[PDB]
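Data block below; observations after.
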Amino acid sequence: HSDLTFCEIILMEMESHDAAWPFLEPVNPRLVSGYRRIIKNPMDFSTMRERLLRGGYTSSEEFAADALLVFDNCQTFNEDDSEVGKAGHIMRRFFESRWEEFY
Ligand SMILES: CC(=O)N(c1cc(O)ccc1C)c1cn(C(C)=O)c2ccccc12
Ligand SMILES: [Mg+2]
């Protein structure tokens with residue numbers, strides 16, 4: 001139980017983070033050229049929220065893998081000096097820091 005309660009805390013904190021705006025919604029491949037071809041396993045906070053609210057996370061490690069997937073995809077598709085890349089570096093450092101601040 002305590003494993004999944006922290007997942008809720010950190011996802012809520014990521015959802016309300018100032019830098020979360022690229023990650024709240026699944027990328028629309030119709031509007032983002034090349035996204036379908038380049039990113040094999042899309043992930044975003046709303047997709048993690050759906051899975052967490054339906055109980056679909058077995059452990060905290062499945063949850064973190066989805067979180068790290070958001071930021072791996074971000075760095076794969078976006079330049080580090082792009083607006084989205086900069087937002088994702090902020091969010092990745094937040095997650096890694098807060099996740100270690102617990103375990
Ligand atoms: C910033 C923004 O609003 N995006 C977005 C775009 C959509 O069409 C639908 C939903 C979202 C969340 C984009 C997210 N991107 C990521 C995560 O690489 C992007 C990478 C490149 C361009 C936009 C985004
Ligand atoms: Mg480190």
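Here, A, B, ... name the chains of the structure tokens in the order displayed, residue numbers run from 1 inside each chain, and ligands are numbered from 1 in the same displayed order.
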
**OP:** Dump the neighbourhood of ligand 2 as a ChimeraX atom specification: all residues within 9 Å, distances computed on only C-alpha atoms and all ligand atoms.
**Re:** /A:93,96-97,100

Please save N, CA and C atoms of the selected residues as an mmCIF file, in the first residue's frame.
data_model
loop_
_atom_site.group_PDB
_atom_site.id
_atom_site.type_symbol
_atom_site.label_atom_id
_atom_site.label_comp_id
_atom_site.auth_asym_id
_atom_site.auth_seq_id
_atom_site.Cartn_x
_atom_site.Cartn_y
_atom_site.Cartn_z
ATOM 1 N N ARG A 93 14.494 15.949 -13.463
ATOM 2 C CA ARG A 93 15.248 16.175 -12.235
ATOM 3 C C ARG A 93 14.325 16.194 -11.028
ATOM 4 N N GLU A 96 13.355 12.340 -10.360
ATOM 5 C CA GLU A 96 14.461 11.549 -9.829
ATOM 6 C C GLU A 96 14.780 11.973 -8.403
ATOM 7 N N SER A 97 14.810 13.283 -8.155
ATOM 8 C CA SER A 97 15.112 13.796 -6.824
ATOM 9 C C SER A 97 14.056 13.364 -5.816
ATOM 10 N N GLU A 100 13.993 9.573 -5.059
ATOM 11 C CA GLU A 100 15.077 9.109 -4.196
ATOM 12 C C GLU A 100 14.947 9.663 -2.785
#

Show me a table, sorted first by chain and then by increasing residue number, of the residues of stretch 48-89 of chain A having an atom at most 9 Å from stretch 16-33 of chain A, each with its shortest atom pair and the distance in Å to one decimal, counting only C-alpha atoms and written as a Markdown table.
| residue | atom | partner | partner_atom | distance |
| --- | --- | --- | --- | --- |
| A:70 | CA | A:23 | CA | 7.4 |
| A:74 | CA | A:23 | CA | 8.9 |
| A:84 | CA | A:22 | CA | 6.2 |
| A:86 | CA | A:19 | CA | 8.6 |
| A:87 | CA | A:19 | CA | 5.1 |
| A:88 | CA | A:19 | CA | 7.2 |

Write to file, as a short mmCIF file (atom, residue, chain, number, x, y, z; two decimals), in the first residue's frame, the residues of the selection just made, with N, CA and C atoms.
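Written file, result.cif:
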data_model
loop_
_atom_site.label_atom_id
_atom_site.label_comp_id
_atom_site.auth_asym_id
_atom_site.auth_seq_id
_atom_site.Cartn_x
_atom_site.Cartn_y
_atom_site.Cartn_z
N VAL A 70 8.49 8.71 -19.91
CA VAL A 70 8.12 10.07 -20.34
C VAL A 70 9.37 10.87 -20.69
N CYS A 74 10.99 12.20 -24.16
CA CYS A 74 11.21 13.64 -24.32
C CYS A 74 12.61 13.92 -24.86
N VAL A 84 10.28 22.30 -25.10
CA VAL A 84 9.83 21.04 -24.51
C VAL A 84 10.98 20.32 -23.83
N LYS A 86 13.68 21.63 -22.46
CA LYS A 86 13.97 22.32 -21.21
C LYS A 86 12.94 21.98 -20.14
N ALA A 87 11.67 21.93 -20.53
CA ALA A 87 10.64 21.57 -19.56
C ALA A 87 10.83 20.15 -19.06
N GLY A 88 11.24 19.24 -19.94
CA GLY A 88 11.42 17.86 -19.54
C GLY A 88 12.63 17.63 -18.66
#

If we count only C-alpha atoms, what is near residue A:57 at a cut-off of 12 Å, once residues fewer than 5 positions away on the same chain are taken out, given as a short mmCIF file (atom, residue, chain, number, x, y, z; two decimals) with C-alpha atoms, in the first residue's frame?
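Output file part37.cif follows:
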data_model
loop_
_atom_site.label_atom_id
_atom_site.label_comp_id
_atom_site.auth_asym_id
_atom_site.auth_seq_id
_atom_site.Cartn_x
_atom_site.Cartn_y
_atom_site.Cartn_z
CA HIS A 1 0.00 0.00 0.00
CA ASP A 3 4.41 1.97 -2.19
CA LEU A 4 1.38 3.08 -4.20
CA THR A 5 0.48 6.01 -1.93
CA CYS A 7 3.17 7.13 -6.42
CA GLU A 8 -0.03 9.14 -6.03
CA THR A 47 -1.93 7.84 -19.18
CA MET A 48 -0.14 7.08 -15.90
CA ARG A 49 -3.07 8.61 -14.00
CA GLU A 50 -5.61 6.40 -15.81
CA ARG A 51 -3.55 3.30 -15.04
CA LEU A 52 -3.02 4.29 -11.40
CA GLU A 62 6.33 -0.30 -12.77
CA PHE A 63 5.26 3.26 -11.99
CA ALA A 64 8.78 4.70 -12.10
CA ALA A 65 9.45 2.94 -15.41
CA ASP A 66 6.50 4.80 -16.91
#

Subject >> Test item, helix (DSSP H, G or I) assignment across stretch 53-84 of chain A, answer as a PyMOL selection string >> reply: chain A and resi 53+60-77+83-84

The selected residues should be written to file as a PDB file, in the first residue's frame (atoms: N, CA, C and O atoms).
ATOM      1  N   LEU A  53      -5.370   4.998 -11.378  1.00  0.00           N
ATOM      2  CA  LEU A  53      -6.729   5.044 -10.840  1.00  0.00           C
ATOM      3  C   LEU A  53      -7.502   3.755 -11.095  1.00  0.00           C
ATOM      4  O   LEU A  53      -8.482   3.485 -10.390  1.00  0.00           O
ATOM      5  N   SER A  60       5.757  -0.116  -7.193  1.00  0.00           N
ATOM      6  CA  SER A  60       6.302   1.214  -7.429  1.00  0.00           C
ATOM      7  C   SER A  60       7.266   1.223  -8.616  1.00  0.00           C
ATOM      8  O   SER A  60       7.406   2.247  -9.296  1.00  0.00           O
ATOM      9  N   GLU A  61       7.913   0.087  -8.902  1.00  0.00           N
ATOM     10  CA  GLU A  61       8.891   0.042  -9.987  1.00  0.00           C
ATOM     11  C   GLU A  61       8.236   0.104 -11.359  1.00  0.00           C
ATOM     12  O   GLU A  61       8.808   0.684 -12.290  1.00  0.00           O
ATOM     13  N   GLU A  62       7.053  -0.488 -11.520  1.00  0.00           N
ATOM     14  CA  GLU A  62       6.326  -0.303 -12.771  1.00  0.00           C
ATOM     15  C   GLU A  62       5.979   1.165 -12.977  1.00  0.00           C
ATOM     16  O   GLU A  62       6.021   1.673 -14.104  1.00  0.00           O
ATOM     17  N   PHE A  63       5.640   1.859 -11.893  1.00  0.00           N
ATOM     18  CA  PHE A  63       5.257   3.261 -11.992  1.00  0.00           C
ATOM     19  C   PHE A  63       6.444   4.115 -12.415  1.00  0.00           C
ATOM     20  O   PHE A  63       6.331   4.941 -13.329  1.00  0.00           O
ATOM     21  N   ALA A  64       7.594   3.919 -11.767  1.00  0.00           N
ATOM     22  CA  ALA A  64       8.782   4.697 -12.098  1.00  0.00           C
ATOM     23  C   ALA A  64       9.219   4.460 -13.539  1.00  0.00           C
ATOM     24  O   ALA A  64       9.669   5.392 -14.221  1.00  0.00           O
ATOM     25  N   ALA A  65       9.082   3.226 -14.026  1.00  0.00           N
ATOM     26  CA  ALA A  65       9.448   2.944 -15.405  1.00  0.00           C
ATOM     27  C   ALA A  65       8.596   3.738 -16.375  1.00  0.00           C
ATOM     28  O   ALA A  65       9.078   4.130 -17.442  1.00  0.00           O
ATOM     29  N   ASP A  66       7.323   3.960 -16.048  1.00  0.00           N
ATOM     30  CA  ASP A  66       6.499   4.803 -16.907  1.00  0.00           C
ATOM     31  C   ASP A  66       6.934   6.260 -16.803  1.00  0.00           C
ATOM     32  O   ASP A  66       6.990   6.978 -17.811  1.00  0.00           O
ATOM     33  N   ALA A  67       7.269   6.705 -15.594  1.00  0.00           N
ATOM     34  CA  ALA A  67       7.750   8.066 -15.416  1.00  0.00           C
ATOM     35  C   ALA A  67       9.060   8.286 -16.173  1.00  0.00           C
ATOM     36  O   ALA A  67       9.220   9.274 -16.897  1.00  0.00           O
ATOM     37  N   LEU A  68      10.008   7.360 -16.039  1.00  0.00           N
ATOM     38  CA  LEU A  68      11.270   7.521 -16.756  1.00  0.00           C
ATOM     39  C   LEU A  68      11.073   7.430 -18.262  1.00  0.00           C
ATOM     40  O   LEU A  68      11.846   8.026 -19.028  1.00  0.00           O
ATOM     41  N   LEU A  69      10.044   6.700 -18.703  1.00  0.00           N
ATOM     42  CA  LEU A  69       9.739   6.610 -20.127  1.00  0.00           C
ATOM     43  C   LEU A  69       9.282   7.953 -20.686  1.00  0.00           C
ATOM     44  O   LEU A  69       9.646   8.315 -21.815  1.00  0.00           O
ATOM     45  N   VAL A  70       8.492   8.714 -19.912  1.00  0.00           N
ATOM     46  CA  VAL A  70       8.117  10.067 -20.339  1.00  0.00           C
ATOM     47  C   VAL A  70       9.366  10.870 -20.692  1.00  0.00           C
ATOM     48  O   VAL A  70       9.451  11.505 -21.749  1.00  0.00           O
ATOM     49  N   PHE A  71      10.370  10.821 -19.815  1.00  0.00           N
ATOM     50  CA  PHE A  71      11.525  11.697 -19.960  1.00  0.00           C
ATOM     51  C   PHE A  71      12.538  11.148 -20.958  1.00  0.00           C
ATOM     52  O   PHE A  71      13.228  11.930 -21.623  1.00  0.00           O
ATOM     53  N   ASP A  72      12.624   9.822 -21.101  1.00  0.00           N
ATOM     54  CA  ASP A  72      13.431   9.250 -22.176  1.00  0.00           C
ATOM     55  C   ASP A  72      12.868   9.627 -23.538  1.00  0.00           C
ATOM     56  O   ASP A  72      13.614  10.055 -24.432  1.00  0.00           O
ATOM     57  N   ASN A  73      11.546   9.487 -23.710  1.00  0.00           N
ATOM     58  CA  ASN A  73      10.903   9.908 -24.953  1.00  0.00           C
ATOM     59  C   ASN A  73      11.141  11.382 -25.205  1.00  0.00           C
ATOM     60  O   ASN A  73      11.420  11.794 -26.340  1.00  0.00           O
ATOM     61  N   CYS A  74      10.989  12.205 -24.158  1.00  0.00           N
ATOM     62  CA  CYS A  74      11.213  13.638 -24.316  1.00  0.00           C
ATOM     63  C   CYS A  74      12.608  13.918 -24.864  1.00  0.00           C
ATOM     64  O   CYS A  74      12.762  14.637 -25.859  1.00  0.00           O
ATOM     65  N   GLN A  75      13.640  13.336 -24.244  1.00  0.00           N
ATOM     66  CA  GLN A  75      15.003  13.590 -24.715  1.00  0.00           C
ATOM     67  C   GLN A  75      15.272  12.958 -26.076  1.00  0.00           C
ATOM     68  O   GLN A  75      16.122  13.448 -26.831  1.00  0.00           O
ATOM     69  N   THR A  76      14.569  11.883 -26.419  1.00  0.00           N
ATOM     70  CA  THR A  76      14.763  11.302 -27.750  1.00  0.00           C
ATOM     71  C   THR A  76      14.170  12.188 -28.836  1.00  0.00           C
ATOM     72  O   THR A  76      14.799  12.396 -29.884  1.00  0.00           O
ATOM     73  N   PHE A  77      12.984  12.754 -28.598  1.00  0.00           N
ATOM     74  CA  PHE A  77      12.323  13.525 -29.642  1.00  0.00           C
ATOM     75  C   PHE A  77      12.701  15.003 -29.672  1.00  0.00           C
ATOM     76  O   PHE A  77      12.651  15.624 -30.747  1.00  0.00           O
ATOM     77  N   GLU A  83      12.030  24.280 -26.119  1.00  0.00           N
ATOM     78  CA  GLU A  83      11.134  24.589 -25.007  1.00  0.00           C
ATOM     79  C   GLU A  83      10.652  23.319 -24.315  1.00  0.00           C
ATOM     80  O   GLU A  83      10.596  23.256 -23.075  1.00  0.00           O
ATOM     81  N   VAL A  84      10.283  22.298 -25.100  1.00  0.00           N
ATOM     82  CA  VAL A  84       9.826  21.044 -24.509  1.00  0.00           C
ATOM     83  C   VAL A  84      10.984  20.320 -23.828  1.00  0.00           C
ATOM     84  O   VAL A  84      10.831  19.770 -22.730  1.00  0.00           O
TER      85      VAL A  84
END

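As for atom CA of residue A:94 and atom CA of residue A:13, they are spaced 9.4 Å apart.
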
Original post:
In Å to one decimal, how far is atom CA of residue A:44 from atom 10 (C, counted along the ligand's line) of ligand 1?
Top reply: 9.3 Å

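Take atom CA of residue A:6 and atom 24 (C, counted along the ligand's line) of ligand 1: the distance between them is 27.7 Å.
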